[PDB]
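Proteins come first, then strands; the chains are lettered A, B, ... in the order of their sequence lines, and each starts at number 1.
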Amino acid sequence: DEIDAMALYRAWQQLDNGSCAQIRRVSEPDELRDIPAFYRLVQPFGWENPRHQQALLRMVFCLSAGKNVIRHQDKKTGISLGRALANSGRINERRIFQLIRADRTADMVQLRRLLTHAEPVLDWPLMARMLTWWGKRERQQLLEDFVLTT
Amino acid sequence: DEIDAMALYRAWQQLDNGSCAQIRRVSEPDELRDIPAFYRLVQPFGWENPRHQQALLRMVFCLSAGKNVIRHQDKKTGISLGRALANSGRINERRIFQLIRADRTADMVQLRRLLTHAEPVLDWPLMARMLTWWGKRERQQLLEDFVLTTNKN
Amino acid sequence: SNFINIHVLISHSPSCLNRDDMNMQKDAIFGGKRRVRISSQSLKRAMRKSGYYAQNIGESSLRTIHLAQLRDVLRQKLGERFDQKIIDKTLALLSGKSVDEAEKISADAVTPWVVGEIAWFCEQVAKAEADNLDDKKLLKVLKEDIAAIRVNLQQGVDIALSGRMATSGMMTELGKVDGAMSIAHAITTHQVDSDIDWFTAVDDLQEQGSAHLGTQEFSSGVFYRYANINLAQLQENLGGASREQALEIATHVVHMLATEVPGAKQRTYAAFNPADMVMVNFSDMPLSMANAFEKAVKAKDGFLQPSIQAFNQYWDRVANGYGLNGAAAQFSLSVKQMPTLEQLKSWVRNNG
Amino acid sequence: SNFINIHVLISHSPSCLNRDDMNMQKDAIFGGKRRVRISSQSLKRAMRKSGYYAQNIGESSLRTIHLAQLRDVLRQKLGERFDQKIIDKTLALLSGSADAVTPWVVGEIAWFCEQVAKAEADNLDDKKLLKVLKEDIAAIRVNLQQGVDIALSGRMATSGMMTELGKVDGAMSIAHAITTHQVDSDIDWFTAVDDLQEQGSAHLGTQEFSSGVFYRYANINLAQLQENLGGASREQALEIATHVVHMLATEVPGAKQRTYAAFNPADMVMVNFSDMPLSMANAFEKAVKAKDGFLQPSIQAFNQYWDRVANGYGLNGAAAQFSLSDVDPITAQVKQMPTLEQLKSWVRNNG
Amino acid sequence: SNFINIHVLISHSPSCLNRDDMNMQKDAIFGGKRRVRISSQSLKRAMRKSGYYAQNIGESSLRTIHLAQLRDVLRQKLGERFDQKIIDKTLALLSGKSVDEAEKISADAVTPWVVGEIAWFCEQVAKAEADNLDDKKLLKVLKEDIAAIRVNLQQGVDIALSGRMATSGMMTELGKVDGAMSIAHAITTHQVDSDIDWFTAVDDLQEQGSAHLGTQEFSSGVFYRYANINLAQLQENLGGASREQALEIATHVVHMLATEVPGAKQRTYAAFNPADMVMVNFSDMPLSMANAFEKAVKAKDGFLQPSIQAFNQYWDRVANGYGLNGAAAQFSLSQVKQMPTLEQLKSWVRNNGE
RNA sequence: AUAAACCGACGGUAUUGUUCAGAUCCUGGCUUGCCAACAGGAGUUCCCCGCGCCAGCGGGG
DNA sequence: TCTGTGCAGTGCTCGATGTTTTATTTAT
DNA sequence: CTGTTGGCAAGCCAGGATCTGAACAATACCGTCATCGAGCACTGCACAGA
């Protein structure tokens, strides 16, 4: 019923260099629909069910920043994305505002740019849960977590 | 304002051996506009309306790959073209790309050869709709169904 | 007809004409779709600060909250007409604040000021204390002929058009102005998903990479501008001006609404586009055409042609349904038809 | 039928038409989702203070009330509590062949009768009475020259009405207007540039605003209208009702309109007669989803709702509809009007 | 007239003249269709870094955020004219940052500097030192004559053209420049679906397959370039220059807008194409002809010919639509004075459009 | 005619100025589309008309 | 045949003043 | 008047690194308790006598 976030994280990690490069050169989440390697990656995670499609597009597009940009770290809730971006000490607060205010597709593009810069260490299944809904509530909590960390 | 795909499928299957043979002989869809038997077939399907005729050219040209090539079936969504080509197991992924990357008229020629090669069991009205809106969305879903079905096996 | 409705369709090339606290394009939801927006206050300030306004209307008002700085301006400007003492008391009575020599004296809020209007007031103040007339009774006297005060707004027309409020001083009683012009926020006739410019700043002392990497929102858009002018209110706000005077001012607004574009980001995006359609209509009740684009316009050889077409179709629907027959004229580059904007403006000048 | 139901769907461009004590747009929860709201009192005042109202209601022919013509019926109405001596003395000092009489007129005069009856008993008259009742007399004299306004909208917030019969309700009832769809409001972040300040602005602020397809509902009590007009005719009442239909379609509250200018007329107007007045708000209880705008799906949802419940709700009766749109129409039981004026005439002619 | 509008249609062969962080071509939606884009900042740097600029205008500005590196450059260039202590103090007063011997001193942001301008400030700081004039009082008195400062922007004309921002130092009072040149992002007059080049890198020590595979987005396009020059602002930014010098500078911008092309990917795509059409007109009001291509130009024996058609057609509609009678001249390879050569157009501009 | 009735939350307001994404790169090697074939059969053509041997020949539509 | 100073008569705006308020502050 | 069929559709291997992501200034005011008596206004009041 729910996407196995760690399984997908592992699948992306041990992906062959070819399939990985084909996914990484995508410039926005919807372009993943043109990549055969993308479909094979997310098929065992419920892609053919339309319920999961928008979530899987966000998850994989965030991962597509690189195999080594998002480092999963186990809980001791676990490190949220907002706290993780602040933990890097590289991201200006203004860029977080611009992220949480952005509309569709543009938000994912800006997020991935932030992930590239920040190289966050976080709780990946927790971030995936956030990417699944990605409502106005999740976006405000992102900004507030970032601010509460700094 | 939609073409009765199943009726056209039946009209082709019942068509006399001489007329349909004149149609198959064609090498590219635009050449169908010079064959008398063609208008004879697509007349009760609104060839008069300019919007329908470009789709009708594509639909007949695919139907003209053979008469027994496209075995229509009934839904138990219904089998798409992408699923059907992958179900045959005769088509490799690079040939699918050569379809969705092909330019005007070249695409229909490639599709024709693919139908002949695969001889697919599919939902014809479903395919007819794809040929009507033969756009970027149709190419993309075509590749999707093919890759997923192939990967499943 | 007391109202002059003004309708503009103007298309801009990629730009960022109006942005918010995070430097992102202003927008609005209309018909369930995001439209790029230019605020009415941005439009009004672009017009009042323009060369055309200066040449054809006069001096824009002085809007400030810093009375100590204002004090010094009036002393330099009204010095050869009044003594410094009178100038100080005048500002003090009007603002309700103690005007001394303090470095910082602040009003209640930002307030538009007209020098010519202040000049008129200090005359009264001088004559008041000369006739040994105190301030409480001075106010009582001045409240009896507000029209004589409003004649000074011919030196500050943007106040007559856009209004003024005050919560302290005699301006509370004497300077209450209900603007004659109503104006909407410019919105795009269509849905916009804004573009993002990824830029760098190359450092001449840094050989590896750039010193700054950033993003900037921008987009194109066909905008609908709407405004109307209450002629009777404009006459009252100018101390009892004639209809010809009001009509000529309205005509300049028409011109500015068709040609004036906010300056923001124009040095690096240069969207200096004039309107492609202007429509003026006299009416008894204000009529906006915005619902021509409630269903967002789909592109069809551009957004401009289908926007103008959507405007025309909805205009007919309203006119036919509500039986409207006020005078109307239309200028376009793509109802009386006007080949040029100038002919359109003569039309308005001549009461339609 | 006794009730005229008026249904309006009107689309507004980005605006802030009605706000509260935090300057936030007024709203309401309907069907569990937030709708932007324009209050009853705001909408009604926009009508009552409009120019159209002042000309067609404020300057009506039935406007004036003559105490002279009302002497007979007043003489028998108050004749059991008062005798003709006081009743006629009162009737003349207030002013200085009528069949019926407006209820508040009887009640307010009856109060004046109580005062002069107590004035004779306490043995004071001349100016002393006209000094004590100076403001009271001035009050009723003003009200006697605003009879249609009082019958339609009810008494003013300051009227000088004295009795319980003087608590005059409006014959028209205006509901709160709410959007047919859910709304998340926008925010305008604004500056105020100081002409004497170098760095930055002198003020910063925010203003909440939004668009919205609103549903306006109003009903008119005909018998109440007639009865409060001294016994006017159905035709005269239907003439007043025609003006309400016009105002509910065209009048918009002035708030924020100088800077947002949402001067939009209604795209759909429908009138229907019934014995039991009903709002059709539940057409939008399930919030309308946008499909090429909110307006078309709203009219569509209004039409589909009428087709479903009108019969069972007893909304048989005369029904007409005006629309700027070519959306698939309601049941043929509703007569389509191509212009607003044709709709209004249909109302004058009793349907 | 105060404004000189410059319009350029320029056709490029397949290339990638301006790209983003994903190596994708910069684009923009206009008329509801994708236009390939070359940003205004790319054009501006291409011009100020060009050989033509260096030969005809002078040295471009020094733009940096690194004050410690700048400190060393200034200590060397002005070392023979001023003591090291006043060179440092000057930079510190301008930047609002402390200048010591530290290896890393950052400004608030990338800042345009003119060495001659800093040299001028050194003379003022030195004089204030000799008169025991307060730093706060030096700022006050220098603030009373901005024009004297702006004379030094003749050694940095690209600043007078494109402006300068300041958030710290005396520059917030003394160094604010409103740019005289407005310039748009270049966009194609037509819709574009960009091509993708799938490339390999053959490894000479690897027999099986290539060592790297990749992709590069590219496309051709007919671009519209727009820019205008506020002649009054240019004269003021140069400390009170004449119209002649302002026109001389404006003419150089005309030349560059017609010939200068961003160097990006040109080593492997070589889209070295000059302009096919240059239009220049004087006006009282800035005017862009972009809406000539709001409706995307469709191909008809090329995009270039229908683009010039759409340009001329819309130009005529606006000219009499708004009654625009300002001087105008036109040069192309394929009332408005026609010019056979770019050089004749340029002399026309120098002569105030006469 | 219901804590009801009558019943505005109102008025003023640029988010601004600065900025290359850039340097390097074969998609490449192999491959019949091929075997059989008279364009012949079949006088409907619905009229007006003129001359016949009654078989059939003509001119107008 | 209209109008003038005294009212009586009061409709007010004027100002000082009765009382009384504070509670919090992540997660790492 | 009459137009066909079989048999068949490939595999290997390969997708990079460097380095960089801003600062300043500014966020308003009024009214929607009440008390008392005084000093000072509209405002009609007849008239007496002009």
Side chain to side chain contact (heavy atoms under 4.5 Å, CB included) with [X]: which residues, sequence neighbours excluded?
X	value
A/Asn68	A/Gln13
D/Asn23	D/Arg19
B/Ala128	B/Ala5, B/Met59, B/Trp124
B/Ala84	B/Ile79, B/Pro120, B/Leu122

For this session: Please test A/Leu57 against A/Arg33 for side-chain contact (heavy atoms from CB on, under 4.5 Å), starting from the C-alpha separation and ending with a verdict.
Result: CA-CA 9 Å; A/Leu57 286 177; A/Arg33 292 178 172 279; 4.1 Å; yes
Identify, with sequence neighbours excluded, every residue that meets salt bridge (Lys or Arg N to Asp or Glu O under 4.0 Å) alongside [X].
X	result
C/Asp193	none
A/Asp74	none
E/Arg37	C/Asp197

Tell me every residue that passes ring pair (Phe, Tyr, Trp, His ring centres under 6.0 Å) with [X], counting only those two or more places apart in sequence or in another chain.
X	answer
A/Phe61	none
C/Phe199	none
A/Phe97	none
A/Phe38	A/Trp47

Problem set entry | Note: A/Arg51-A/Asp1 ion pair, threshold 4.0 Å (strictly below) |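 Yes.
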For this session: Could you walk me through whether A/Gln110 and A/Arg113 pass side chain to side chain donor-acceptor pair (under 3.5 Å), step by step?
Result: CA-CA 5 Å; A/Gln110 298 291 73; A/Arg113 284 170 170 156; 2.8 Å; yes
Exercise. If every non-hydrogen atom of E/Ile196 is compared with every non-hydrogen atom of E/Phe218, which pair is closest and at what distance?
Worked result: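 Nearest pair, atom of E/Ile196 first, then E/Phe218: C-CE2, 3.9 Å.
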Exercise. Do you know the tightest heavy-atom contact between A/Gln43 and A/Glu48?
Worked result: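 Smallest interatomic distance, heavy atoms only, reads NE2-OE2, 3.1 Å.
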For this session: Assign the ring pair D/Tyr215 / D/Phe302 to parallel, tilted or perpendicular, where the plane angle (0 to 90°) is split at 30° and 60°.
Result: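 Aromatic pair D/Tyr215/D/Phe302 classed tilted.
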Problem set entry | Spacing of CZ belonging to D/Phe284 relative to CD1 belonging to D/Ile178, to within rounding of 0.5 Å |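 Nearest 0.5 Å value for the CZ-CD1 distance: 8.5 Å.
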Problem set entry | Residue pair B/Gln141, B/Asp145: steps toward the side chain to side chain donor-acceptor pair (under 3.5 Å) verdict | CA-CA 6 Å; B/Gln141 288 171 340; B/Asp145 298 334; over 6 Å; no
Exercise. Do the non-hydrogen side-chain atoms of D/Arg34 and D/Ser185 ever get within less than 4.5 Å of each other?
Worked result: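 SC-SC contact between D/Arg34 and D/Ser185 confirmed.
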Problem set entry | Sequence neighbours excluded - salt bridge (charged side-chain N to carboxylate O under 4.0 Å, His left out) pairs with any residue from residues 87-98 of chain A |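 Listed by first then second residue: A/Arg90-A/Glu119.
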For this session: Tell me, with the steps shown, if A/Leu81 and A/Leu115 meet side-chain contact (heavy atoms from CB on, under 4.5 Å).
Result: CA-CA 9 Å; A/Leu81 176 52; A/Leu115 299 167; 3.9 Å; yes
For this session: Please check if the distance between the ring centroids of A/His52 and A/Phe45 is under 6.0 Å.
Result: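 Here the rings of A/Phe45 and A/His52 have centres that are no less than 6.0 Å from each other.
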